[PDB]
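Protein chains in written order, with the numbering used here: chain G, 26 to 243; chain S, 282 to 496.
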């Protein structure tokens, strides 16, 4: 299979250096150009530049020139993106993609057909912190959990150890001014089932090895 | 550089209907080198059309592309449930290679008003020094909804954050969560906590309030 496989999520503080990777499998990696695309949280796609790994011929966007370094280790079918000093604005999803071109050196191009799964880069002054889980007590009836002040993303939120799926709404997190994240997991249930059914939110935050099973009663 | 403008920003259509997405370049795209990509939330982009008119390997027949030099169109003759996503156009005939800003193709349904619920800060939170008041707008269409917070009938600003779910697989509605954060001191300084919701489905703005301490 023709694949592009990127490195795992990165959480860094401003000023720190970072080298994210992208490995090609199932095709001659030194016969294609590979492109780097940035996608900022909630935004569109931005072309950063291309590397031809066969000779490390690089081409940047004027917006990324002098901001990042694109490189390749052709021996291991791998391309890299490197920052000598990360900024908070570097927080985003980063994709690598294969540029289809002719193998004859005729200068024919056919878009980016094979993309990596992406690597999430988070740059913040904040250190790892577990969520503080609070109940959104019911008053049909709605109830939930406020998963407050955690870093970094993500938290996972289930209900009744996975039993309660119907009408369960887990909202995207919001970055507070404090630099710590907050989200809500809500569940609309019928007002009659309140007194007899147990409502527990299962919050997990792998980064701080925080596990919370909070009960939501009226 | 070649700027690409996609129109509309949001295209609201029904499954089975035809989608027609515009991409216009600020100058002629060299060798008609325009690609179209689909991006679904969470996923990585997927190449649909290359060279303005050529359908990518593995792409279904319903996806076609047209366009001369400055104007380019992506057509989806019949929308399938999986066809509802964001669509980016890209030029690669002149450096720098650029992208358009995306067109969200979402499912059009009839207008549905939100069911609004207000959650006071929990006792356990109040102990920490901060109070969070949560207003939830449930199962509404369209995505457009304005949530104002009023603390002792005073119109709040800069102390709330908003969050929206992705269109529901079943009823094609949206849900929204709004959090008004305040210090433990300012929470105990007021009585009325009201979240005012404005939507097309609502004939008049709905207000869900409570009195601090009072059940």
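A virtual CB, placed ideally from N, CA and C, is assigned to each residue, including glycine.
Note to self: To the nearest angstrom, how far is the alpha carbon of residue 75/G from that of residue 328/S?
What the structure shows: Here residue 75/G is taken as the residue at index 50 of the first chain, counted from 1. Here residue 328/S is taken as the residue at index 47 of the second chain, counted from 1. If you take the alpha carbons of residue 75/G and residue 328/S, they lie about 17 Å apart.
Checklist line | Contacting positions in the stretch 202-214 of chain G - beta carbon closer than 8 Å to chain S | finding: 207, 208, 209, 211 and 213
Check: Helix, strand or coil: how does DSSP classify residue 37/G here?
Finding: By 1-based counting over the first chain, the position of residue 37/G is 12. Strand at residue 37/G.
Check: Residues of chain G with CB under 7 Å from residue 369/S, in chain order?
Finding: Stepping through the second chain from its first residue, residue 369/S is reached at position 88. Correct list: 69 and 70.
Notebook entry, point to check: For residue 49/G and chain S, any beta-carbon pair shorter than 7 Å?
Noted result: The residue you call residue 49/G lines up with position 24 of the first chain. Answer no: the Cβ-Cβ gap between residue 49/G and chain S never drops below 7 Å.
Check: Given that residue 140/G touches chain S, what residues does it touch there, using C-beta distances under 7 Å?
Finding: The residue labelled residue 140/G in the question sits at position 115 within the first chain. By Cβ distance, chain S contributes 325 and 326.
Note to self: Is residue 86/G close to chain S? Criterion is C-beta to C-beta, closer than 7 Å.
What the structure shows: Sequence index remark: in the first chain, residue 86/G carries index 61 (1-based). Yes, residue 86/G lies at the interface with chain S (some Cβ there is under 7 Å from its Cβ).
Check: To the nearest angstrom, how far is it from the Cα of residue 168/G to the Cα of residue 359/S?
Finding: Position 143 of the first chain, counted from the start, is the residue given in the question as residue 168/G. Position 78 of the second chain, counted from the start, is the residue given in the question as residue 359/S. Each residue's Cα considered, the two are about 39 Å apart.
Check: So, are the CB atoms of residue 172/G and residue 208/G less than 7 Å apart?
Finding: Position 147 of the first chain, counted from the start, is the residue given in the question as residue 172/G. Position 183 of the first chain, counted from the start, is the residue given in the question as residue 208/G. Contact flag set, yes.
Item checked: Amino acids of chain S, ordered along the chain, whose beta-carbon sits closer than 9 Å to that of residue 199/G -> As a first step, residue 199/G must be located in the first chain, where it is residue number 174. Near residue 199/G (Cβ distances below 9 Å), the residues of chain S are 442, 443, 444, 458 and 460.
Next item on the list: Please name the residue, chosen from 330/S, 389/S, 435/S and 355/S, that lies closest to residue 473/S on a Cα-to-Cα basis.
Entry: Position 192 of the second chain, counted from the first residue, corresponds to residue 473/S. For the residues 330/S, 389/S, 435/S and 355/S, the minimum Cα distance to residue 473/S belongs to 435/S.
Notebook entry, point to check: Considering only the beta carbon of each residue, do residue 148/G and residue 39/G sit closer than 7 Å?
Noted result: The residue given as residue 148/G occupies position 123 in the first chain. The residue given as residue 39/G occupies position 14 in the first chain. A contact, by the Cβ cut-off of 7 Å.
Checklist line | Three-state class that DSSP yields for residue 101/G in the structure shown | finding: Your numbering for residue 101/G matches position 76 in the first chain. Three-state DSSP puts residue 101/G in a helix.
Next item on the list: Return no unless some Cβ of chain S is closer than 7 Å to the Cβ of residue 136/G.
Entry: Here residue 136/G refers to the residue found at position 111 of the first chain. Judged by the 7 Å Cβ criterion, residue 136/G is in contact with chain S.
Notebook entry, point to check: What is the DSSP secondary structure of residue 154/G, counted as helix, strand or coil?
Noted result: Along the first chain, read from residue 1 onward, the residue named residue 154/G stands at position 129. Strand.
Notebook entry, point to check: Taking Cβ positions only, does residue 160/G come closer than 7 Å to chain S?
Noted result: Numbered from 1 along the first chain, position 135 holds the residue referred to as residue 160/G. Interface residue, yes.
Margin query: Check whether the stretch 335-348 of chain S and the stretch 423-433 of chain S are in contact - that is, three or more C-beta pairs closer than 8 Å.
Written below: no
Item checked: Inter-residue CB distance, residue 61/G and residue 101/G (contact presumed, cutoff 8 Å) -> By 1-based counting over the first chain, the position of residue 61/G is 36. By 1-based counting over the first chain, the position of residue 101/G is 76. Wrong, their Cβ atoms sit about 18 Å apart, outside the cutoff.
Notebook entry, point to check: What residues in its chain sit with their C-beta under 7 Å from that of residue 286/S, if we drop five residues either side in the sequence?
Noted result: The sequence position of residue 286/S within the second chain is 5, counting from 1. Closer than 7 Å at the Cβ level, and outside the excluded window around residue 286/S, lie 305 and 381.
Note to self: Between residue 143/G and chain S, is any beta-carbon pair separated by less than 7 Å?
What the structure shows: On the first chain, position 118 is the one that residue 143/G refers to. Chain S, which has a Cβ nearer than 7 Å to the Cβ of residue 143/G, makes this yes.
Note to self: DSSP three-state label for residue 185/G, please.
What the structure shows: The residue given as residue 185/G occupies position 160 in the first chain. Residue state, collapsed to three classes: helix.
Checklist line | In DSSP terms, what residue 60/G is bridged to | finding: For the purposes of this step, residue 60/G is identified with residue 35 of the first chain, where counting begins at 1. Its beta-bridge partners are 75/G and 122/G.
Item checked: Endpoints, beta strand (DSSP E) assigned at residue 417/S -> Working through the second chain from its first residue, we reach residue 417/S at position 136. From DSSP, the beta strand (DSSP E) with residue 417/S extends over 411-421.
Margin query: With distance defined between alpha-carbon atoms, name the residue in 330/S, 482/S, 406/S and 458/S nearest to residue 430/S.
Written below: The residue given as residue 430/S occupies position 149 in the second chain. Residue 430/S has its Cα closest to that of 458/S, out of 330/S, 482/S, 406/S and 458/S.
Next item on the list: Determine, using beta carbons only, whether residue 282/S and residue 377/S come nearer to each other than 7 Å.
Entry: Counting from one through the second chain, the residue named residue 282/S turns up at place 1. Counting from one through the second chain, the residue named residue 377/S turns up at place 96. In this structure, residue 377/S lies closer than 7 Å to residue 282/S by Cβ.
Check: Thinking C-beta only, is residue 373/S closer than 7 Å to residue 134/G?
Finding: In the first chain, the residue the question calls residue 134/G occupies position 109. In the second chain, the residue the question calls residue 373/S occupies position 92. Going by C-beta atoms, residue 134/G is nearer than 7 Å to residue 373/S.
Item checked: Cutoff 7 Å; reference residue 390/S; Cβ partners in own chain excluding five residues on either side -> Within the second chain, numbered from 1, the residue matching residue 390/S stands at position 109. So the list reads 422 and 453, once near-sequence residues are dropped.
Margin query: Is residue 165/G close to the ligand ADP? I mean its beta-carbon at under 6 Å from any heavy atom of the ligand.
Written below: Among the ligands in the structure shown, none appear at all, so the ligand ADP cannot be discussed.
Checklist line | For residue 239/G, the first and last residue of its enclosing beta strand (DSSP E) | finding: Sequence index remark: in the first chain, residue 239/G carries index 214 (1-based). That run of the beta strand (DSSP E) goes 235-240.
Check: Whose C-beta lies closer than 6 Å to the C-beta of residue 353/S among residues of the same chain, with five residues either side of it excluded?
Finding: As a first step, residue 353/S is located in the second chain; it is residue number 72 there, counting from the start. Within the same chain, residue 353/S has close Cβ partners 304, 315 and 333.
Checklist line | Nearest residue (CA-CA) to residue 491/S, options 402/S, 418/S and 467/S | finding: Numbered from its first residue, the second chain carries residue 491/S at position 210. Ranking 402/S, 418/S and 467/S by Cα distance to residue 491/S puts 402/S first.
Note to self: Cβ closer than 8 Å: which chain S residues qualify as neighbours of residue 230/G?
What the structure shows: In the first chain, residue 230/G corresponds to position 205, counting from 1. Per Cβ cutoff of 8 Å: no residues; residue 230/G is ~17 Å from chain S at best.
Next item on the list: Closer than 8 Å by beta-carbon distance: list the chain S residues that pair up with residue 157/G, in chain order.
Entry: Locating residue 157/G in the first chain gives position 132, where the first residue counts as 1. Simply 406 and 409.
Check: So, is the C-beta of residue 481/S closer than 7 Å to a C-beta in chain G?
Finding: By one-based count along the second chain, residue 481/S stands at place 200. Residue 481/S does not count as touching chain G.
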